[PDB]
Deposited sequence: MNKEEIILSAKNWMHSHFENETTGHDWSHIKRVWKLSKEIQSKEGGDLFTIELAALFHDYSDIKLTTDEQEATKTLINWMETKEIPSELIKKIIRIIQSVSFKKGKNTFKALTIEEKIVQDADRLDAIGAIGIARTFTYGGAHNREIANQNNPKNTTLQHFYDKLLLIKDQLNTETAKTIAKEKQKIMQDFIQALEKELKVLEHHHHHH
């Protein structure tokens, strides 16, 4: 099996099947970056990352098929699938991908993504008088993600993100009541 080629194929396959594709390719780039400092089977990581968002049980069986057809030892297929499960006792590969996923939920992308999501489920931006307001989602989940990360590399590439997010929030609650 030619790893470089298989990756390329998987990449082109997911692309012509798509949040959007932009999201996947980010989790892919992100997990790639993380491994270069946390180690692990890069090939096993790169695919789990690219397929982490396809399972939404036939879909799963479809991937296995596509993978057996590529002649990937059934041992790798097993790991790759096990990883996808811990995403959407953890091996580093399962940690990396899961970290790369969470990382794309916070920071500037997080803000944009979470507010775009709210705009498709009628979730009030905020509400001083906060049970389901998007703003509260930042205090309940988002802001907490940065710490739940299970990788130091992931944690440092989360720093700049956890910052702008913090600044964004401060600025929101401030101009959300008009203070001056």
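Annotation: deposited residues 19-24, 63-69, 102-110, 152, 204-209 are not represented by C-alpha coordinates in the model.
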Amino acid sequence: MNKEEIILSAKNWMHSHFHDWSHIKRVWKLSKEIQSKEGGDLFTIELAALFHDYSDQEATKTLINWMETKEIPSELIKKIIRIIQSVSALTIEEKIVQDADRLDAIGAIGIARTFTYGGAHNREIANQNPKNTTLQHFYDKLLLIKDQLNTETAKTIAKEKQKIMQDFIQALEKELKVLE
From here on, numbers count along this sequence of modelled residues.
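The PDB entry records a higher mean C-alpha B factor for 116-124 than for its counterpart among 137-145 and 116-124. When the mean C-alpha temperature factors of 25-33 and 61-69 are read from the deposited coordinates, 61-69 comes out higher.
In this entry, the residue among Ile92, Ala108, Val87, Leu103 with the greatest C-alpha B factor is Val87. Placement of the Cα temperature factor of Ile169 within the chain: lowest third of the modelled residues, per the deposited record. Per-chain ranking of the deposited C-alpha B factor places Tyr54 in the highest third. The deposited CA B-factor of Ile83 belongs to the middle third of values across its chain.
Among all modelled residues in this chain, the alpha-carbon of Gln162 has a temperature factor (C-alpha) in the lowest third. When the modelled residues of the chain are ordered by C-alpha B-factor, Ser16 sits in the highest third.
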